[PDB]
Amino acid sequence: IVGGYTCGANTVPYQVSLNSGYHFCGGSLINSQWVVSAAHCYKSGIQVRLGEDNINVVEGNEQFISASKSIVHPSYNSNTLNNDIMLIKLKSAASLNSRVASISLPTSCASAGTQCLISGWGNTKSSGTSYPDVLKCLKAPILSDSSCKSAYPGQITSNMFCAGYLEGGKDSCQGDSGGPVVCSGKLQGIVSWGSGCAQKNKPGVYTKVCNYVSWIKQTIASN
Ligand SMILES: NC[C@H]1CC[C@H](C(=O)O)CC1
Ligand SMILES: [Ca+2]
């Protein structure tokens with residue numbers, strides 16, 4: 001997260017870290033057994049880390065649970081990142097508490113201009129590299145579809161939206177992939193892709209979760 005702030009320990013209790021020897025992506029807990037992340041975060045051997053603040057220090061509220069299965073969206077296209085969504089099942093149910101909590105799925109899509117919270121352990125520098133260790137947060141609005149498509153002509157599908165600031169300075173960044181965009185208490189986005197971080201006219205692009213709620217619910221119910 002570039003241009004954000006330190007969330008505060010466990011203030012985003014649905015935020016998870018995906019770990020394969022090291023943190024490599026975010027995700028969002030949607031019930032005690034299931035996490036939603038980006039399909040481009042897929043790999044084998046994932047451990048889901050819940051209740052994290054400092055990802056380099058055991059602080060006492062963590063739960064580390066291996067994934068038993070991953071399900072990439074059937075229509076995911078790795079070249080264009082269309083349908084950049086994946087479900088991860090936990091081998092044992094998380095113990096839900098005030099610091100480890102699920103986020104509700106959308107009942108409808110959110111409007112342009114709605115303010116959202118984006119969070120993650122990614123790079124905090126728009127030029128160069130610095131990783132923060134504690135969870136960073138950013139308040140950012142959903143941008144109009146026309147401004148999104150103007151920023152990335154030929155690349156935005158109906159399964160994507162932009163959020164952030166066309167003037168730059170505040171954005172998601174490397175290592176935030178797969179993490180949440182929450183608006184009005186619902187998981188509306190997944191950190192998906194962009195061009196650089198916090199550059200003018202290059203906002204972050206997010207998977208449009210509201211298009212996937214039926215697939216999420218049916219997939220969880222059958223797996
Ligand atoms: N600034 C958006 C940001 C989205 C994730 C991406 C990635 O890490 O794959 C990097 C760019
Ligand atoms: Ca920790």
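Both counts, for ligands and for their atoms, begin at 1 and track the order of listing. Here, residue 1 is the first one in the sequence, and each next residue gets the next number. Just so you know, these numbers use all the heavy atoms, side chains as well, and skip hydrogens, waters and symmetry mates.
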Inset, instruction - Would you kindly confirm whether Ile142 and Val191 end up in one hydrophobic cluster when ILVMFWY residues are joined by side chain heavy atoms under 4.5 Å apart? - result: yes
Legend entry - Among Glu52, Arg49, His23, the one residue meeting side chain to side chain donor-acceptor pair (under 3.5 Å) with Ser17: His23
Legend entry - Identified side chain to side chain donor-acceptor pair (under 3.5 Å) partner of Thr157 from the options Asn82, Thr207, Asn83, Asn211: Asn82
Inset, instruction - Check whether any N or O atom of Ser172, backbone or side chain, sits under 3.5 Å from an N or O atom of ligand 1, and answer yes or no. - result: yes
Legend entry - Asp171, any N or O under 3.5 Å of ligand 1 N or O: yes
Legend entry - the Ca ion (ligand 2) to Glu62: nearest N/O/S atom name: OE2
Inset, instruction - Ignoring hydrogens and angles, state whether a donor on the side chain of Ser144 or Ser147 is under 3.5 Å from an acceptor on the partner side chain. - result: yes
Inset, instruction - Using modelled atom types only, decide if a donor and an acceptor are shared between the side chain of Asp53 and the backbone of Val134 within a distance under 3.5 Å. - result: no
Inset, instruction - Taking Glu62 for its side chain and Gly60 for its backbone only, find out whether a donor-acceptor pair lies under 3.5 Å. - result: yes
Decide, counting backbone as well as side-chain atoms, whether [X] has an N, O or S atom less than 3.0 Å from the Ca ion (ligand 2).
| X | answer |
| --- | --- |
| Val58 | no |
| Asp53 | no |
| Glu52 | yes |
| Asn54 | yes |

Inset, instruction - Just go through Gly196, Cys173, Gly194 and tell me whose heavy atom is the nearest to atom 1 (N) of ligand 1. - result: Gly196
Inset, instruction - Name the option, out of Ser177, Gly179, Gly178, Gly122, that contains the heavy atom nearest to atom 5 (C) of ligand 1. - result: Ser177
Inset, instruction - Could you list the atoms of ligand 1 found under 4.0 angstrom from a heavy atom of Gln174? - result: 8 (O)
Legend entry - Test item: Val100 and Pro13 side chains (from C-beta on) under 4.5 Å apart, heavy atoms: no
